[PDB]
Each structure stands twice: as C-alpha cells, then as structure tokens.
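Notes follow the structure.
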Amino acid sequence: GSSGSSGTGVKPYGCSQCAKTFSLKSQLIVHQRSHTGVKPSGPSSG
Ligand SMILES: [Zn+2]
C-alpha cells in the first residue's frame with residue numbers, strides 16, 4: 001500500500017506550473033525561474 005491524506009498541510013510558497021512546493025521563499029523565487037526560457041526540441045530548420 002501507500003500512505004497519504006494523513007493530516008492537512010500546505011506550504012505558503014508553492015509553484016503553479018508544477019506540483020512542487022517549498023518552505024523557504026528563496027527556494028520558490030528561484031524555482032519560478034525554471035518554467036521559462038530554454039525550450040524543448042521543436043523546429044528542425046531552426
Ligand atoms: Zn514549478
């Protein structure tokens with residue numbers, strides 16, 4: 001089996017793009033700078 005839904009608790013600093021949260025703002029402020037910029041392979045003649 002797998003444990004879960006055991007007691008509520010939602011950190012104040014959480015990311016929307018993903019389901020990853022953090023306790024320290026510094027961690028988020030920096031993390032947020034991950035869902036932007038570098039893009040995955042796309043155009044061949046680009
Ligand atoms: Zn994120």
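To be explicit about the labels: the chains of the structure tokens are called A, B, and onward in the order shown, and within each one the residues are counted from 1, while ligands get numbers from 1 in the order they are shown.
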Subject >> Shell of 6 Å around ligand 1 (only C-alpha atoms and all ligand atoms), written as a PyMOL selection string >> reply: chain A and resi 15+17-18+20+32
Generate a file of the selected residues that holds C-alpha atoms, formatted as a PDB file, in the first residue's frame.
ATOM      1  CA  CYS A  15       4.540  26.589  -7.699  1.00  0.00           C
ATOM      2  CA  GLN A  17       3.170  25.319 -13.290  1.00  0.00           C
ATOM      3  CA  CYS A  18       4.071  22.167 -11.362  1.00  0.00           C
ATOM      4  CA  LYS A  20       6.209  21.194  -6.266  1.00  0.00           C
ATOM      5  CA  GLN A  32       9.859  30.068 -10.627  1.00  0.00           C
TER       6      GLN A  32
END
Original post:
as an MDAnalysis selection string, which residues of chain A does DSSP assign to strand (DSSP E or B)?
Top reply: chainID A and resid 13:14 21:22
Original post:
Near residue 11 (chain A), counting only C-alpha atoms, which residues have an atom at most 7 Å away, once you skip same-chain residues fewer than 4 positions from it, shown as JSON, numbers by chain?
Top reply: {"A": [21, 22, 23]}
Original post:
For the atom pair CA of residue 30 (chain A) and CA of residue 13 (chain A), what is the interatomic distance in Å to one decimal place?
Top reply: 11.4 Å
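One finds CA of residue 41 (chain A) at 27.6 Å from CA of residue 27 (chain A).
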Which of chain A counts as helix (DSSP H, G or I) under DSSP, as a PDB file with C-alpha atoms, in the first residue's frame please?
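After the write, part-v3.pdb holds the following:
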ATOM      1  CA  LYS A  25      10.637  31.750  -0.345  1.00  0.00           C
ATOM      2  CA  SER A  26      14.215  31.950  -1.622  1.00  0.00           C
ATOM      3  CA  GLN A  27      13.658  28.442  -2.982  1.00  0.00           C
ATOM      4  CA  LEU A  28      10.484  29.434  -4.831  1.00  0.00           C
ATOM      5  CA  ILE A  29      11.647  32.840  -6.060  1.00  0.00           C
ATOM      6  CA  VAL A  30      14.458  30.953  -7.791  1.00  0.00           C
ATOM      7  CA  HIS A  31      12.419  27.911  -8.820  1.00  0.00           C
ATOM      8  CA  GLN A  32       9.859  30.068 -10.627  1.00  0.00           C
ATOM      9  CA  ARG A  33      12.788  30.806 -12.937  1.00  0.00           C
ATOM     10  CA  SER A  34      12.620  27.275 -14.345  1.00  0.00           C
TER      11      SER A  34
END
